[PDB]
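Colleague: Sharing a structure here in structure tokens format.
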Amino acid sequence: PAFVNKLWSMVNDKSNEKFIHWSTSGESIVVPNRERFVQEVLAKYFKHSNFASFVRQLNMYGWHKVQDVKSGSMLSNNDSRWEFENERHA
Amino acid sequence: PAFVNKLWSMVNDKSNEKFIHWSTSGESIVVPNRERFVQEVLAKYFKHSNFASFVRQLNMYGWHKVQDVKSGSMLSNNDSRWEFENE
């Protein structure tokens, strides 16, 4: 499961904090901005790969996008912000 | 315009994983088996259509088949395996 080793080598390396990190609250991995993450981190740990390909791998290992939160009167959601939770830790 | 929504509504729906998905490899859409794809997925998202029609649509939107790779002493290629990459 090489993916796993790469995932953690990426998430648990503080140098990638601004682009991907464990959430302050709850038990989840947060990607503040999909585009910047793809540009600065994904390209480094997962050569010639894209977001959908990455997320597909995460799913394979139990991680799934968290239910979206509709904010304010606009029922808005930052489509670029992604939060992932593992099925084994709800 | 409508083909696009259909394509992604199909590719990015995890329920279609076994028939069509993003390559674990590098930036491409993979159709493990053409025949199974046609009868189990295409038949649902693109009623009254066929593989050639679908691929033609893909081509028009920038996606094309990746160069074949001949494997082993037989220089073989699984004609049913289709992988597409964007322009």
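Chain labels run A, B, ... following the order of the structure tokens; each chain numbers its residues from 1, and ligands are numbered from 1 in the order shown.
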List as a list in words the protein and nucleic acid residues near range 52-60 of chain B, meaning an atom at most 9 Å away when only C-alpha atoms are counted, but skip any in the same chain fewer than 6 places from it.
Modeller: residues 3, 4, 7, 42, 46, 84 and 86 of chain B
Colleague: Using only C-alpha atoms, find which residues of chain B lie within 6 Å of chain A and jot them down as a ChimeraX atom specification.
Modeller: /B:22,24,26-27
Colleague: Identify which of the residues A:87, A:45, A:36, A:22 lies closest to residue 9 in chain A, counting only C-alpha atoms when measuring atom-to-atom distances.
Modeller: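 The shortest atom-to-atom distance to residue 9 in chain A comes from A:45.
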Colleague: Please extract the residues of chain B with a backbone DSSP assignment of alpha helix (DSSP H) and present them as a tab-separated table (two decimals) with N, CA, C and O atoms, in the first residue's frame.
Modeller:
```tsv
chain	number	residue	atom	x	y	z
B	2	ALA	N	-23.96	19.16	-22.75
B	2	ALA	CA	-24.60	18.16	-21.91
B	2	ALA	C	-23.74	16.91	-21.76
B	2	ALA	O	-23.84	16.20	-20.76
B	3	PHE	N	-22.89	16.64	-22.75
B	3	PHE	CA	-22.01	15.48	-22.70
B	3	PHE	C	-21.08	15.58	-21.50
B	3	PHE	O	-20.85	14.60	-20.79
B	4	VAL	N	-20.53	16.78	-21.30
B	4	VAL	CA	-19.61	17.04	-20.20
B	4	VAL	C	-20.18	16.65	-18.84
B	4	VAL	O	-19.54	15.91	-18.09
B	5	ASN	N	-21.36	17.16	-18.51
B	5	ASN	CA	-21.98	16.83	-17.23
B	5	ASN	C	-22.17	15.33	-17.11
B	5	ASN	O	-21.92	14.75	-16.05
B	6	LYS	N	-22.61	14.70	-18.20
B	6	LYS	CA	-22.83	13.26	-18.21
B	6	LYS	C	-21.53	12.51	-17.95
B	6	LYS	O	-21.49	11.58	-17.15
B	7	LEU	N	-20.48	12.91	-18.65
B	7	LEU	CA	-19.18	12.28	-18.50
B	7	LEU	C	-18.71	12.26	-17.05
B	7	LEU	O	-18.39	11.20	-16.51
B	8	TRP	N	-18.70	13.43	-16.42
B	8	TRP	CA	-18.26	13.54	-15.03
B	8	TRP	C	-19.25	12.94	-14.05
B	8	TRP	O	-18.85	12.35	-13.04
B	9	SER	N	-20.54	13.09	-14.33
B	9	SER	CA	-21.56	12.51	-13.45
B	9	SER	C	-21.35	11.00	-13.45
B	9	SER	O	-21.75	10.30	-12.52
B	10	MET	N	-20.71	10.50	-14.50
B	10	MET	CA	-20.44	9.08	-14.66
B	10	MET	C	-19.07	8.68	-14.11
B	10	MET	O	-18.95	7.73	-13.32
B	11	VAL	N	-18.04	9.40	-14.51
B	11	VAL	CA	-16.68	9.10	-14.05
B	11	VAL	C	-16.47	9.35	-12.56
B	11	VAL	O	-15.84	8.54	-11.87
B	34	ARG	N	-13.98	-2.40	-22.16
B	34	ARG	CA	-14.90	-1.73	-23.08
B	34	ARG	C	-16.29	-2.35	-23.09
B	34	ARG	O	-17.29	-1.65	-22.92
B	35	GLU	N	-16.35	-3.66	-23.32
B	35	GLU	CA	-17.61	-4.38	-23.38
B	35	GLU	C	-18.45	-4.23	-22.11
B	35	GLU	O	-19.63	-3.92	-22.18
B	36	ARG	N	-17.84	-4.45	-20.95
B	36	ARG	CA	-18.57	-4.34	-19.69
B	36	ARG	C	-19.03	-2.89	-19.46
B	36	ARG	O	-20.12	-2.66	-18.95
B	37	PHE	N	-18.19	-1.94	-19.85
B	37	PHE	CA	-18.50	-0.52	-19.72
B	37	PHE	C	-19.75	-0.19	-20.53
B	37	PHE	O	-20.70	0.42	-20.02
B	43	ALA	N	-24.90	2.17	-21.23
B	43	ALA	CA	-26.32	1.89	-21.44
B	43	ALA	C	-27.21	2.65	-20.47
B	43	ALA	O	-28.42	2.76	-20.69
B	44	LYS	N	-26.63	3.17	-19.39
B	44	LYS	CA	-27.41	3.91	-18.39
B	44	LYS	C	-27.31	5.43	-18.52
B	44	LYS	O	-28.31	6.13	-18.40
B	45	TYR	N	-26.10	5.93	-18.76
B	45	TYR	CA	-25.89	7.37	-18.89
B	45	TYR	C	-26.08	7.89	-20.31
B	45	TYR	O	-26.41	9.05	-20.52
B	51	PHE	N	-20.06	2.63	-28.08
B	51	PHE	CA	-18.70	3.03	-27.74
B	51	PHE	C	-18.06	4.05	-28.68
B	51	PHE	O	-17.47	5.02	-28.22
B	52	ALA	N	-18.16	3.82	-29.98
B	52	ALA	CA	-17.57	4.72	-30.96
B	52	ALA	C	-18.15	6.13	-30.85
B	52	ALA	O	-17.43	7.12	-30.99
B	53	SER	N	-19.45	6.20	-30.61
B	53	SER	CA	-20.14	7.48	-30.47
B	53	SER	C	-19.61	8.21	-29.24
B	53	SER	O	-19.35	9.42	-29.28
B	54	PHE	N	-19.45	7.47	-28.16
B	54	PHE	CA	-18.93	8.01	-26.90
B	54	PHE	C	-17.52	8.55	-27.10
B	54	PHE	O	-17.23	9.71	-26.79
B	55	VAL	N	-16.63	7.69	-27.60
B	55	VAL	CA	-15.24	8.07	-27.84
B	55	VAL	C	-15.14	9.29	-28.75
B	55	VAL	O	-14.28	10.14	-28.55
B	56	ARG	N	-16.01	9.37	-29.76
B	56	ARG	CA	-15.99	10.50	-30.67
B	56	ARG	C	-16.28	11.78	-29.89
B	56	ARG	O	-15.66	12.82	-30.12
B	57	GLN	N	-17.23	11.68	-28.96
B	57	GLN	CA	-17.61	12.80	-28.10
B	57	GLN	C	-16.42	13.19	-27.23
B	57	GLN	O	-16.11	14.38	-27.08
B	58	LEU	N	-15.77	12.19	-26.65
B	58	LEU	CA	-14.60	12.43	-25.80
B	58	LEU	C	-13.54	13.17	-26.59
B	58	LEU	O	-13.00	14.17	-26.12
B	59	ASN	N	-13.23	12.68	-27.78
B	59	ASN	CA	-12.22	13.29	-28.63
B	59	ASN	C	-12.52	14.77	-28.85
B	59	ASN	O	-11.63	15.61	-28.72
B	60	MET	N	-13.78	15.08	-29.18
B	60	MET	CA	-14.18	16.47	-29.42
B	60	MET	C	-13.95	17.36	-28.21
B	60	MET	O	-13.81	18.57	-28.34
```
Colleague: For residue 27 in chain A, work out the shell of residues within 10 Å, counting only C-alpha atoms and skipping chain neighbours fewer than 6 positions away, then give it as a list in words.
Modeller: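 Listed by chain and then number, they are residues 83, 84, 85, 86, 89 and 90 of chain A.
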Colleague: What lies within 9 Å of residue 18 in chain A using only C-alpha atoms, ignoring chain neighbours under 6 positions off, as a PDB file with N, CA and C atoms, in the first residue's frame?
Modeller:
```
ATOM      1  N   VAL A  31      -7.752  20.024   3.769  1.00  0.00           N
ATOM      2  CA  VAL A  31      -7.066  20.608   2.627  1.00  0.00           C
ATOM      3  C   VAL A  31      -7.750  21.963   2.470  1.00  0.00           C
ATOM      4  N   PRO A  32      -7.171  23.014   3.070  1.00  0.00           N
ATOM      5  CA  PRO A  32      -7.712  24.375   3.015  1.00  0.00           C
ATOM      6  C   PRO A  32      -8.060  24.847   1.613  1.00  0.00           C
ATOM      7  N   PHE A  37      -3.049  23.073  -2.965  1.00  0.00           N
ATOM      8  CA  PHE A  37      -2.564  21.771  -2.525  1.00  0.00           C
ATOM      9  C   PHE A  37      -2.031  21.006  -3.737  1.00  0.00           C
TER      10      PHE A  37
END
```
Colleague: DSSP on the backbone: what in range 3-60 of chain A comes out strand (DSSP E or B), as a list in words?
Modeller: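 Strand (DSSP E or B) members of range 3-60 of chain A, listed: residues 21, 22, 28, 29, 30 and 31 of chain A.
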Colleague: Name all residues at most 10 Å from residue 79 in chain A (count only C-alpha atoms; drop same-chain ones fewer than 5 positions away) and give them as a VMD selection string.
Modeller: chain A and resid 33 to 34 68
